[PDB]
């Protein structure tokens, strides 16, 4: 499996944040679900700092008893699709969404995050 998406998640589980950032193309972006665009585009120079923050949040939520549950990673041509949800210790869903990846030359060109929301 040569997917940079698989490589990205393996890097994050190993806490190898430099290897995780290197799964993105030189012009790659990470577009989070919330922000003015709507959404917010993190450019490549911003991904290391963002990764550090989200890995910290992952560890805190894990310590608080929550867990991330991923669906099947689905690949079609140059796109990968991945559903996810974070559940608390009670099963309450804390976040649910889907990642849409666009790949180019074996690197992540776009990680585009979409979410469910409360009112």
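Numbering follows the first chain given and starts at 1.
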Mean C-alpha B-factor comparison - 14 to 22 and 96 to 104, higher one: 14 to 22
Maximum C-alpha temperature factor, selected from 55, 82, 47, 86: 55
Within-chain third of residue 77 by Cα B-factor, per the entry: highest
Chain-wide C-alpha B factor ranking for residue 27, given as lowest, middle or highest third: highest
Third of the chain, ranked by Cα B-factor, where residue 60 sits: lowest
